[PDB]
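Trainee: Take a look at the following structure, please.
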Amino acid sequence: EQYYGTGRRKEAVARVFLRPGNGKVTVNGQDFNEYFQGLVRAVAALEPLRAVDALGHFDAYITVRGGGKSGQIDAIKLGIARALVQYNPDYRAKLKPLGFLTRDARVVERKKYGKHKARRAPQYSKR
Amino acid sequence: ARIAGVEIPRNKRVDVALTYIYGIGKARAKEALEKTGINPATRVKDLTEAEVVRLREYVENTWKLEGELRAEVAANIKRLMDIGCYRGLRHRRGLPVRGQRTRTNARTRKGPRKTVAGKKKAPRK
Amino acid sequence: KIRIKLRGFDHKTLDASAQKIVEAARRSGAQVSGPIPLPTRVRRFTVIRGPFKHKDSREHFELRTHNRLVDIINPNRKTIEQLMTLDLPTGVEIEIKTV
Amino acid sequence: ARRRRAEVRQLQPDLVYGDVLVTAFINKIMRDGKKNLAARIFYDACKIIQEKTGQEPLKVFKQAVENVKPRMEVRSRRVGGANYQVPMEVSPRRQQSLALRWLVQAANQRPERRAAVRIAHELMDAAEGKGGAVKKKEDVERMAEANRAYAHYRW
Amino acid sequence: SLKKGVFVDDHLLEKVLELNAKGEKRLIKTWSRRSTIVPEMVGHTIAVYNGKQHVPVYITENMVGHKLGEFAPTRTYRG
Amino acid sequence: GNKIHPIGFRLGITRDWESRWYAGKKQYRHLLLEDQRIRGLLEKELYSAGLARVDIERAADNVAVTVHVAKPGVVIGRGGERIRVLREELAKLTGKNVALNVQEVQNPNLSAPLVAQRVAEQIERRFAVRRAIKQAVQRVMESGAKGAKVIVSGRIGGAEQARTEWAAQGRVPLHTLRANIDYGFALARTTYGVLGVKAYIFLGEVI
Amino acid sequence: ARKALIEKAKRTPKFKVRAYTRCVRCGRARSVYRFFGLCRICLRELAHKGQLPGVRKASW
RNA sequence: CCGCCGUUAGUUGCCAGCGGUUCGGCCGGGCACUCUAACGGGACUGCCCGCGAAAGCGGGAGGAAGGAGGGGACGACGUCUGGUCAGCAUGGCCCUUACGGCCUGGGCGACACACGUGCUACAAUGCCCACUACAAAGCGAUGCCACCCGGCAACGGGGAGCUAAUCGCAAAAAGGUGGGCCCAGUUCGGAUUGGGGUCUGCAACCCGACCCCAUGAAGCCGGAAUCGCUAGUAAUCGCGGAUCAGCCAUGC
RNA sequence: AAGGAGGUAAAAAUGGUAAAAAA
């Protein structure tokens, strides 16, 4: 009845709800074409429903908050790729060689003490 | 356009044209711009002389500029030589008037730097 | 209508308390709001290696205090009775508040 | 490293067109962590080409790539307290990289009016063959040729 | 410094009023170079306390609302 | 040549605090102060028969004067009298509600603090370091650990050069977490300076 | 010096801006964590000794 | 600690289910979903194709997770007669109405150079003005202070709520949308400095910070040589805290 | 291509730094 996807990237929660339709996809209260206005990685995150051609046949409710805008976009990619892998486990077997299953492995490493930016070491002297 | 001390700015926003003047910043620009009337966005070249004249009339009347100003400062500086208050003591010394630092940094209140020979140090290896 | 908050030092006896307490309430009364995990209160400390002037190379340390929540619905004689005195939190204190 | 052979690692299949090289050039225009406005700039430039001439943007892109190709790049040989200044047949990967980056700094060099404008005009002349990155391509070629004594002195 | 009021020793007030109650001999021997040269000090010799000696300054007017020991250099050698 | 505190290493589930009570942000400091003064006063004027644990259970006014000692008898008093004055010294200096405890471990060569304590006691009374101390390591290994590293630093008989002495036997993995190593440090003090006595006793896994 | 310093902090002077922290289990004023009322090395030693409550050898 | 999934939990969340809505998850209710925090599950070259006398090796599959999955805390035997009795201890040595205490000021902020580390800059990917959204973490009761009013601002007056996932710091900046500037020491840069206010605290001269008008310098991208950086790493940009009345914080 | 060995060409701008001693 609903297509749900848990979308997460660099800590940002893309709660992805789905019903069928045309293009009604509201991101946390607003249309896609404003809640991520200007950013080019936005349309890229629309790839999952584009590479299955069923981008139209959906009427989404997409609650998405936490972390960062672009990160939310990537998180939307994950939420979609998790929402459709639910209500058609056949797309699953072919979707893995594209990677639309992997979540992430790239979060901001802790400020390492002894260095400035967690790895960026301060200047040397000796002389 | 010699409103202020031979001040002639030419074709630009009236605000920038007014700011190209001693004793008149951008805040003062919008200030006299709201007090004399003249519109900021409109260029200073294509103006109309009436608003211009009443404008310059308001300008020099409510506040003054370079002539008295810097001279006034230098007079307060004469006082800073009066018994040589620590402010003017150091201002006479050719050094920063604040109580900052002179171990190293002093490249504007004083000139650049005046080379010596170091005098060296104690063991460091 | 009973709102009890758990203030402790270690999650161990913290939830060990929460188990019997809630059950004993479910025992001598009725419905009990399960031991909700209030975001564990932790503090931050950052010292250095030795006393001698080193600035860099250090050891960091952090305070561990734990917070939880338990509620019920009825002020039964028997609940009040048991869940009053019958305690041994040793190193844990709590807060009774109403709603 | 000295145990490994590092890598190159796949970049990005272009967030728009669908090609690695587009967002590679974007990657080098990029203002250190601000891919945002740099990518925007490049694209404004692209559509502006497509409002100027008639030839395809990816086409003229491949033309930038080719028209600035360092077929043989100069380096140095092993001989103790001395090094032979020695050119060598480069790999298409390193040629592409060098190329696109030279188009990048040739785009930076032009004192024009705006970023998109710069990248654009740069791409015009340089794809045509009357550009600076091109001048350094042809250059390193002359260098490789004049150093054809260092032909079997390639490390 | 001060904003609503103005700092000076109260003993400076009370001791202005006395040497004013006679127009008496010179020397004010302040053992605190702080205390502003507030208006009612006219222009008499101020042997303000340094830490070394007692810097004696004949005050004028170009200094009124600005600290006493603000006139003693103390820090020897300049440049 | 370090060794981050193996006991501060044990902090996971391999060593509970020597003070378990509730401290609410505010009163926590004064709690730590009062309690540390209790501890410190004990450590000397309660010495007599050597203790390890200086544990205290508190909450609201309630106090638990809890101690792990190597002897209870000749430290409780000839008529339960030593407990009296001491406990009430606590109560007098900490006016609330005190409750003594003299729990005893039936083994001395087990538990590193007191082992090191005796080790330092021998040298404090001017004994031949290496001999007696190595055979003390052998005592602990006549008790039954899986390792015992009792190093001893400081001035060795004087001779200015204060080095460190190597005494150990059996494997000791203080790197390992589930090793459960009691470590105990005793202060050696000669009239010619200060020497260090570290005991490292390793117990066992699966605990 | 040192002894009178503790008395200065013990007696607590006249004006407010004269007080200063003090590691009671070592005796120091600077960098004394005014949560534990302890210095940096005081704190470190007391934590490592298996004595400091609440806190743990942080390894986040 | 951190990415996928598992059990419990519901004043954070939530219409996902329904009712209403000054149409605010605000008014009822659920726990699936966010989430919060304890016990877990999961990955081992375990499997598929080939190579290697083995280790190992390429490629491929299922997988959130591929062969060390990422970061931490972990730092032996021991070198350095390394440093520190000026955090703390402790051998000796010296002084003992003073090499001890107080108080008060001055000072460790000095300036003719030198150097180390750092900040903002020199700029059209730019700065200025307008407009709208996504942070994790930490802090907070004579603290946090919402809020309204006062003032050009600094900041002050009245005044709700909180020992807090339920009240507040809080204004994220970058992005993005609208206009200026139009290659000039430029509306670039804020250094010098005076002119006046506030706030701190007993009290701000040497010595705090903050604000308002103005002066608006140097500086037009840095040779001999050298810093860091292998993946959410460079860089860019913001945020909280420790200590604190205040703040010299471009520090950590 | 292994070792081991036998006869031929290689490679250091400079460096002074003591001492009764401690186990």
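Please note that chains go A, B, ... in the order of the structure tokens, that every chain numbers its residues from 1, and that ligands are numbered from 1 in the order shown.
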Give as number ranges by chain every residue of chain H that touches chain C within 8 Å, counting only C-alpha atoms (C1' of nucleotides).
Mentor: H: 9-10, 36-38, 83-84, 87, 165, 242
Trainee: Using only C-alpha atoms, which chain F residues lie at most 9 Å away from chain G, written as a ChimeraX atom specification?
Mentor: /F:4-12,15-21,23,25-26,28-30,32-33,36,54
Trainee: Pull N, CA, C and O atoms from the residues just selected and write them as a compact mmCIF listing (two decimals), in the first residue's frame.
Mentor:
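This went into part.txt:
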# COMPACT_ATOMS: atom_id res chain seq x y z
N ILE F 4 49.80 3.22 30.22
CA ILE F 4 48.58 3.88 30.66
C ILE F 4 47.94 3.01 31.73
O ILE F 4 47.94 1.79 31.61
N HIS F 5 47.45 3.66 32.79
CA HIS F 5 46.97 2.98 33.98
C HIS F 5 46.13 1.75 33.65
O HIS F 5 45.00 1.88 33.20
N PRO F 6 46.71 0.56 33.87
CA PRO F 6 46.05 -0.71 33.58
C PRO F 6 44.72 -0.80 34.28
O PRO F 6 43.81 -1.47 33.79
N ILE F 7 44.60 -0.10 35.40
CA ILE F 7 43.34 -0.03 36.13
C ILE F 7 42.40 0.97 35.45
O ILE F 7 41.19 0.78 35.42
N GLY F 8 42.97 2.04 34.91
CA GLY F 8 42.21 3.02 34.14
C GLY F 8 41.95 2.45 32.76
O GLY F 8 41.14 2.96 31.98
N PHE F 9 42.68 1.38 32.46
CA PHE F 9 42.47 0.60 31.26
C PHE F 9 41.30 -0.34 31.50
O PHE F 9 40.47 -0.54 30.61
N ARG F 10 41.24 -0.90 32.71
CA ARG F 10 40.19 -1.86 33.08
C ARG F 10 38.79 -1.25 33.13
O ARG F 10 37.81 -1.97 33.29
N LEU F 11 38.70 0.07 32.99
CA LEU F 11 37.47 0.82 33.25
C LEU F 11 36.20 0.31 32.57
O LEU F 11 35.10 0.73 32.94
N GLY F 12 36.34 -0.57 31.59
CA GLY F 12 35.18 -1.13 30.91
C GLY F 12 34.24 -1.87 31.84
O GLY F 12 33.25 -1.31 32.31
N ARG F 15 36.85 -3.32 36.24
CA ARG F 15 37.17 -2.64 37.50
C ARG F 15 36.13 -1.57 37.83
O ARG F 15 36.09 -0.52 37.20
N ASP F 16 35.29 -1.85 38.83
CA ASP F 16 34.27 -0.90 39.25
C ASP F 16 34.91 0.19 40.10
O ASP F 16 35.94 -0.05 40.73
N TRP F 17 34.31 1.37 40.12
CA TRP F 17 34.84 2.49 40.90
C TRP F 17 34.95 2.16 42.38
O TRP F 17 34.26 1.26 42.89
N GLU F 18 35.81 2.90 43.07
CA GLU F 18 35.98 2.76 44.51
C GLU F 18 35.05 3.74 45.22
O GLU F 18 35.30 4.15 46.36
N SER F 19 33.97 4.12 44.53
CA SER F 19 32.98 5.05 45.06
C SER F 19 31.75 5.07 44.17
O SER F 19 31.75 5.70 43.11
N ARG F 20 30.70 4.37 44.59
CA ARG F 20 29.46 4.32 43.82
C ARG F 20 28.27 4.90 44.59
O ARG F 20 27.74 4.29 45.52
N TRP F 21 27.86 6.10 44.18
CA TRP F 21 26.73 6.80 44.78
C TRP F 21 26.20 7.76 43.74
O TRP F 21 26.79 7.90 42.67
N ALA F 23 25.83 11.40 42.36
CA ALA F 23 26.26 12.79 42.44
C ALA F 23 25.55 13.58 41.36
O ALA F 23 25.72 13.32 40.17
N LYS F 25 25.44 16.72 39.47
CA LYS F 25 26.18 17.89 38.97
C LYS F 25 26.71 18.85 40.04
O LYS F 25 27.92 18.97 40.26
N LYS F 26 25.78 19.54 40.71
CA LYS F 26 26.11 20.51 41.75
C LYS F 26 26.89 19.89 42.92
O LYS F 26 28.09 20.11 43.04
N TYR F 28 28.08 17.18 43.48
CA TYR F 28 29.11 16.24 43.07
C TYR F 28 30.52 16.60 43.51
O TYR F 28 31.27 15.75 43.98
N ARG F 29 30.89 17.87 43.32
CA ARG F 29 32.23 18.33 43.68
C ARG F 29 32.50 18.13 45.16
O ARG F 29 33.41 17.39 45.53
N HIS F 30 31.71 18.80 46.00
CA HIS F 30 31.85 18.70 47.45
C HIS F 30 31.78 17.25 47.92
O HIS F 30 32.42 16.87 48.91
N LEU F 32 32.90 14.64 46.10
CA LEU F 32 34.24 14.15 45.78
C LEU F 32 35.28 14.62 46.80
O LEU F 32 36.18 13.86 47.17
N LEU F 33 35.14 15.86 47.26
CA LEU F 33 36.06 16.44 48.23
C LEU F 33 35.97 15.76 49.59
O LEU F 33 36.96 15.20 50.08
N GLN F 36 37.05 12.15 49.37
CA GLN F 36 38.49 12.02 49.24
C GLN F 36 39.19 12.28 50.56
O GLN F 36 40.22 11.67 50.86
N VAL F 54 38.72 1.07 48.77
CA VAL F 54 38.27 2.20 49.57
C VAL F 54 36.88 2.59 49.05
O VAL F 54 36.61 3.76 48.79
Trainee: So that I can see what lies close to residue 31 in chain B, please list as an NGL selection string the residues with an atom at most 12 Å from it, counting only C-alpha atoms (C1' of nucleotides) and leaving out residues fewer than 2 positions away in the same chain.
Mentor: (:B and (15 or 18-19 or 24-29 or 33-40 or 55 or 58-59 or 62-63)) or (:H and (152 or 213))
Trainee: Return as JSON lines the residues of range 160-251 of chain H lying at most 12 Å from range 92-114 of chain H, together with the closest atom-to-atom pair for each and the distance in Å to one decimal, counting only C-alpha atoms (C1' of nucleotides), with rows in chain order and ascending residue number.
Mentor:
{"residue": "H:205", "atom": "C1'", "partner": "H:106", "partner_atom": "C1'", "distance": 11.7}
{"residue": "H:206", "atom": "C1'", "partner": "H:106", "partner_atom": "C1'", "distance": 8.6}
{"residue": "H:207", "atom": "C1'", "partner": "H:109", "partner_atom": "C1'", "distance": 7.6}
{"residue": "H:248", "atom": "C1'", "partner": "H:109", "partner_atom": "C1'", "distance": 9.8}
Trainee: Would you put the residues from that selection into a file with N, CA and C atoms (P, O5', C5', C4', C3', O3' and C1' of nucleotides), as a PDB file, in the first residue's frame?
Mentor:
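Ended up saving to again.pdb:
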ATOM      1  P     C H 205      41.952  53.846  32.513  1.00  0.00           P
ATOM      2  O5'   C H 205      43.254  53.792  31.592  1.00  0.00           O
ATOM      3  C5'   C H 205      43.710  54.948  30.902  1.00  0.00           C
ATOM      4  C4'   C H 205      45.176  55.214  31.153  1.00  0.00           C
ATOM      5  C3'   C H 205      46.138  54.081  30.820  1.00  0.00           C
ATOM      6  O3'   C H 205      46.480  54.061  29.442  1.00  0.00           O
ATOM      7  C1'   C H 205      46.694  55.068  32.929  1.00  0.00           C
ATOM      8  P     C H 206      46.597  52.671  28.646  1.00  0.00           P
ATOM      9  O5'   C H 206      47.952  52.041  29.183  1.00  0.00           O
ATOM     10  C5'   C H 206      49.193  52.629  28.840  1.00  0.00           C
ATOM     11  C4'   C H 206      50.309  52.100  29.697  1.00  0.00           C
ATOM     12  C3'   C H 206      50.369  50.593  29.868  1.00  0.00           C
ATOM     13  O3'   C H 206      50.860  49.902  28.728  1.00  0.00           O
ATOM     14  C1'   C H 206      50.680  51.628  31.961  1.00  0.00           C
ATOM     15  P     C H 207      50.524  48.338  28.497  1.00  0.00           P
ATOM     16  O5'   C H 207      49.117  48.299  27.741  1.00  0.00           O
ATOM     17  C5'   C H 207      47.958  48.956  28.245  1.00  0.00           C
ATOM     18  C4'   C H 207      46.865  47.980  28.601  1.00  0.00           C
ATOM     19  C3'   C H 207      45.565  48.618  29.096  1.00  0.00           C
ATOM     20  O3'   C H 207      44.458  47.794  28.727  1.00  0.00           O
ATOM     21  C1'   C H 207      46.434  47.219  30.770  1.00  0.00           C
ATOM     22  P     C H 248      38.811  37.907  23.668  1.00  0.00           P
ATOM     23  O5'   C H 248      40.335  38.229  23.318  1.00  0.00           O
ATOM     24  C5'   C H 248      41.388  37.956  24.234  1.00  0.00           C
ATOM     25  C4'   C H 248      42.519  38.939  24.077  1.00  0.00           C
ATOM     26  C3'   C H 248      43.924  38.376  24.191  1.00  0.00           C
ATOM     27  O3'   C H 248      44.344  37.748  22.992  1.00  0.00           O
ATOM     28  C1'   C H 248      43.749  40.510  25.267  1.00  0.00           C
TER      29        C H 248
END
Trainee: Write down as a PDB file with N, CA and C atoms, in the first residue's frame the residues belonging to chain C that are assigned strand (DSSP E or B) by DSSP computed on the backbone.
Mentor:
ATOM      1  N   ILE C   2       1.484   9.243  37.043  1.00  0.00           N
ATOM      2  CA  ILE C   2       2.690   9.183  37.852  1.00  0.00           C
ATOM      3  C   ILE C   2       3.893   9.245  36.933  1.00  0.00           C
ATOM      4  N   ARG C   3       4.769  10.218  37.165  1.00  0.00           N
ATOM      5  CA  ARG C   3       5.927  10.411  36.302  1.00  0.00           C
ATOM      6  C   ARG C   3       7.240  10.320  37.071  1.00  0.00           C
ATOM      7  N   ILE C   4       7.914   9.179  36.957  1.00  0.00           N
ATOM      8  CA  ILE C   4       9.149   8.944  37.698  1.00  0.00           C
ATOM      9  C   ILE C   4      10.380   8.974  36.788  1.00  0.00           C
ATOM     10  N   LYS C   5      11.393   9.747  37.176  1.00  0.00           N
ATOM     11  CA  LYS C   5      12.618   9.857  36.382  1.00  0.00           C
ATOM     12  C   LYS C   5      13.827   9.203  37.066  1.00  0.00           C
ATOM     13  N   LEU C   6      14.582   8.434  36.289  1.00  0.00           N
ATOM     14  CA  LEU C   6      15.741   7.702  36.784  1.00  0.00           C
ATOM     15  C   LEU C   6      17.040   8.472  36.572  1.00  0.00           C
ATOM     16  N   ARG C   7      17.684   8.870  37.668  1.00  0.00           N
ATOM     17  CA  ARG C   7      18.997   9.509  37.594  1.00  0.00           C
ATOM     18  C   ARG C   7      20.065   8.577  38.166  1.00  0.00           C
ATOM     19  N   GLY C   8      20.937   8.075  37.299  1.00  0.00           N
ATOM     20  CA  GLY C   8      21.929   7.109  37.725  1.00  0.00           C
ATOM     21  C   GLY C   8      23.336   7.361  37.226  1.00  0.00           C
ATOM     22  N   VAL C  32       2.023  -0.122  33.123  1.00  0.00           N
ATOM     23  CA  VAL C  32       3.190   0.670  33.467  1.00  0.00           C
ATOM     24  C   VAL C  32       3.939   1.064  32.202  1.00  0.00           C
ATOM     25  N   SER C  33       4.253   2.349  32.075  1.00  0.00           N
ATOM     26  CA  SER C  33       5.016   2.836  30.932  1.00  0.00           C
ATOM     27  C   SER C  33       6.450   2.328  30.999  1.00  0.00           C
ATOM     28  N   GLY C  34       6.811   1.478  30.039  1.00  0.00           N
ATOM     29  CA  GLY C  34       8.116   0.838  30.013  1.00  0.00           C
ATOM     30  C   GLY C  34       9.283   1.801  30.115  1.00  0.00           C
ATOM     31  N   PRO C  35      10.363   1.372  30.792  1.00  0.00           N
ATOM     32  CA  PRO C  35      11.555   2.174  31.103  1.00  0.00           C
ATOM     33  C   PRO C  35      12.137   2.898  29.896  1.00  0.00           C
ATOM     34  N   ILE C  36      11.628   4.088  29.593  1.00  0.00           N
ATOM     35  CA  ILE C  36      12.102   4.839  28.434  1.00  0.00           C
ATOM     36  C   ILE C  36      13.536   5.331  28.646  1.00  0.00           C
ATOM     37  N   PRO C  37      14.396   5.148  27.626  1.00  0.00           N
ATOM     38  CA  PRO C  37      15.803   5.560  27.666  1.00  0.00           C
ATOM     39  C   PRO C  37      16.011   7.039  27.336  1.00  0.00           C
ATOM     40  N   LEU C  38      15.922   7.882  28.360  1.00  0.00           N
ATOM     41  CA  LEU C  38      16.215   9.296  28.211  1.00  0.00           C
ATOM     42  C   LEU C  38      17.683   9.380  27.810  1.00  0.00           C
ATOM     43  N   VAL C  42      26.184  12.650  29.422  1.00  0.00           N
ATOM     44  CA  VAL C  42      27.624  12.437  29.424  1.00  0.00           C
ATOM     45  C   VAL C  42      28.372  13.760  29.333  1.00  0.00           C
ATOM     46  N   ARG C  43      29.413  13.916  30.144  1.00  0.00           N
ATOM     47  CA  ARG C  43      30.174  15.165  30.160  1.00  0.00           C
ATOM     48  C   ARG C  43      31.576  14.988  29.564  1.00  0.00           C
ATOM     49  N   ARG C  44      32.194  16.091  29.148  1.00  0.00           N
ATOM     50  CA  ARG C  44      33.456  16.030  28.419  1.00  0.00           C
ATOM     51  C   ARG C  44      34.621  16.617  29.209  1.00  0.00           C
ATOM     52  N   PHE C  45      35.734  15.887  29.251  1.00  0.00           N
ATOM     53  CA  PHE C  45      36.946  16.364  29.913  1.00  0.00           C
ATOM     54  C   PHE C  45      38.191  16.072  29.078  1.00  0.00           C
ATOM     55  N   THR C  46      39.087  17.047  28.998  1.00  0.00           N
ATOM     56  CA  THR C  46      40.273  16.905  28.166  1.00  0.00           C
ATOM     57  C   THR C  46      41.544  17.397  28.857  1.00  0.00           C
ATOM     58  N   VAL C  47      42.268  16.457  29.455  1.00  0.00           N
ATOM     59  CA  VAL C  47      43.517  16.742  30.151  1.00  0.00           C
ATOM     60  C   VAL C  47      44.692  16.432  29.219  1.00  0.00           C
ATOM     61  N   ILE C  48      45.922  16.637  29.686  1.00  0.00           N
ATOM     62  CA  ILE C  48      47.095  16.241  28.912  1.00  0.00           C
ATOM     63  C   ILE C  48      47.881  15.115  29.587  1.00  0.00           C
ATOM     64  N   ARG C  58      48.056  13.864  24.707  1.00  0.00           N
ATOM     65  CA  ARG C  58      47.118  14.031  25.814  1.00  0.00           C
ATOM     66  C   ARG C  58      46.381  12.738  26.164  1.00  0.00           C
ATOM     67  N   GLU C  59      45.373  12.857  27.028  1.00  0.00           N
ATOM     68  CA  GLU C  59      44.420  11.778  27.310  1.00  0.00           C
ATOM     69  C   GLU C  59      43.062  12.422  27.592  1.00  0.00           C
ATOM     70  N   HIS C  60      42.013  11.984  26.902  1.00  0.00           N
ATOM     71  CA  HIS C  60      40.692  12.569  27.122  1.00  0.00           C
ATOM     72  C   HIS C  60      39.838  11.674  28.015  1.00  0.00           C
ATOM     73  N   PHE C  61      38.943  12.292  28.788  1.00  0.00           N
ATOM     74  CA  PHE C  61      38.089  11.567  29.735  1.00  0.00           C
ATOM     75  C   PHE C  61      36.662  12.120  29.743  1.00  0.00           C
ATOM     76  N   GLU C  62      35.706  11.325  30.216  1.00  0.00           N
ATOM     77  CA  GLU C  62      34.301  11.704  30.079  1.00  0.00           C
ATOM     78  C   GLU C  62      33.368  11.112  31.134  1.00  0.00           C
ATOM     79  N   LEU C  63      32.478  11.956  31.655  1.00  0.00           N
ATOM     80  CA  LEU C  63      31.548  11.566  32.714  1.00  0.00           C
ATOM     81  C   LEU C  63      30.358  10.783  32.165  1.00  0.00           C
ATOM     82  N   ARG C  64      30.044   9.671  32.824  1.00  0.00           N
ATOM     83  CA  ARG C  64      28.944   8.802  32.428  1.00  0.00           C
ATOM     84  C   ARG C  64      27.817   8.794  33.462  1.00  0.00           C
ATOM     85  N   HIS C  66      23.386   8.352  33.663  1.00  0.00           N
ATOM     86  CA  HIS C  66      22.303   7.812  32.841  1.00  0.00           C
ATOM     87  C   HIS C  66      20.912   8.288  33.266  1.00  0.00           C
ATOM     88  N   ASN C  67      20.055   8.567  32.283  1.00  0.00           N
ATOM     89  CA  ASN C  67      18.712   9.094  32.542  1.00  0.00           C
ATOM     90  C   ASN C  67      17.623   8.198  31.956  1.00  0.00           C
ATOM     91  N   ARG C  68      16.604   7.867  32.748  1.00  0.00           N
ATOM     92  CA  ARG C  68      15.444   7.131  32.215  1.00  0.00           C
ATOM     93  C   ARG C  68      14.078   7.600  32.738  1.00  0.00           C
ATOM     94  N   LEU C  69      13.023   6.890  32.343  1.00  0.00           N
ATOM     95  CA  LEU C  69      11.654   7.286  32.674  1.00  0.00           C
ATOM     96  C   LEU C  69      10.727   6.083  32.872  1.00  0.00           C
ATOM     97  N   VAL C  70       9.891   6.145  33.909  1.00  0.00           N
ATOM     98  CA  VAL C  70       8.855   5.140  34.165  1.00  0.00           C
ATOM     99  C   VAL C  70       7.545   5.812  34.618  1.00  0.00           C
ATOM    100  N   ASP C  71       6.423   5.427  34.004  1.00  0.00           N
ATOM    101  CA  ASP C  71       5.097   5.928  34.393  1.00  0.00           C
ATOM    102  C   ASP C  71       4.091   4.796  34.650  1.00  0.00           C
ATOM    103  N   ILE C  72       3.054   5.090  35.434  1.00  0.00           N
ATOM    104  CA  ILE C  72       1.908   4.189  35.592  1.00  0.00           C
ATOM    105  C   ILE C  72       0.610   4.981  35.443  1.00  0.00           C
ATOM    106  N   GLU C  93      19.777   7.866  42.228  1.00  0.00           N
ATOM    107  CA  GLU C  93      18.651   8.590  42.806  1.00  0.00           C
ATOM    108  C   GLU C  93      17.587   8.882  41.759  1.00  0.00           C
ATOM    109  N   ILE C  94      16.364   9.133  42.209  1.00  0.00           N
ATOM    110  CA  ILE C  94      15.254   9.313  41.282  1.00  0.00           C
ATOM    111  C   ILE C  94      14.383  10.508  41.633  1.00  0.00           C
ATOM    112  N   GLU C  95      13.515  10.890  40.702  1.00  0.00           N
ATOM    113  CA  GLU C  95      12.606  12.004  40.940  1.00  0.00           C
ATOM    114  C   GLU C  95      11.146  11.640  40.698  1.00  0.00           C
ATOM    115  N   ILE C  96      10.333  11.808  41.734  1.00  0.00           N
ATOM    116  CA  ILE C  96       8.894  11.659  41.598  1.00  0.00           C
ATOM    117  C   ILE C  96       8.293  12.988  41.187  1.00  0.00           C
ATOM    118  N   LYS C  97       7.653  13.015  40.026  1.00  0.00           N
ATOM    119  CA  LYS C  97       6.891  14.183  39.621  1.00  0.00           C
ATOM    120  C   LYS C  97       5.506  13.819  39.113  1.00  0.00           C
ATOM    121  N   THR C  98       4.573  14.744  39.310  1.00  0.00           N
ATOM    122  CA  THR C  98       3.191  14.546  38.914  1.00  0.00           C
ATOM    123  C   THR C  98       2.924  15.184  37.558  1.00  0.00           C
TER     124      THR C  98
END
Trainee: Taking only C-alpha atoms into account, report as an MDAnalysis selection string which residues of chain A lie within 12 Å of chain G.
Mentor: chainID A and resid 109:112
Trainee: Just want the 12 Å neighbourhood of residue 43 in chain F, counted on only C-alpha atoms (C1' of nucleotides), with same-chain residues fewer than 3 positions away dropped. Output as a ChimeraX atom specification.
Mentor: /F:36-40,46-54,67-69,86
Trainee: At a cut-off of 8 Å, using only C-alpha atoms (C1' of nucleotides), what residues contact range 8-22 of chain I? Leave out same-chain residues fewer than 2 positions from it and give the result as a PyMOL selection string.
Mentor: chain F and resi 159-161
Trainee: Keeping N, CA, C and O atoms for every residue in the selection just given, could you write it to a file as an mmCIF file, in the first residue's frame?
Mentor:
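File produced: part-v9.cif:
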data_model
loop_
_atom_site.group_PDB
_atom_site.id
_atom_site.type_symbol
_atom_site.label_atom_id
_atom_site.label_comp_id
_atom_site.auth_asym_id
_atom_site.auth_seq_id
_atom_site.Cartn_x
_atom_site.Cartn_y
_atom_site.Cartn_z
ATOM 1 N N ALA F 159 73.851 4.952 45.911
ATOM 2 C CA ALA F 159 74.705 5.018 44.721
ATOM 3 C C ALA F 159 74.249 6.024 43.662
ATOM 4 O O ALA F 159 74.472 5.814 42.470
ATOM 5 N N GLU F 160 73.622 7.112 44.110
ATOM 6 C CA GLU F 160 73.090 8.163 43.229
ATOM 7 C C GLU F 160 72.191 7.652 42.103
ATOM 8 O O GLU F 160 70.988 7.916 42.098
ATOM 9 N N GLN F 161 72.786 6.936 41.150
ATOM 10 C CA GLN F 161 72.069 6.431 39.981
ATOM 11 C C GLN F 161 70.864 5.582 40.373
ATOM 12 O O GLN F 161 70.990 4.396 40.681
#
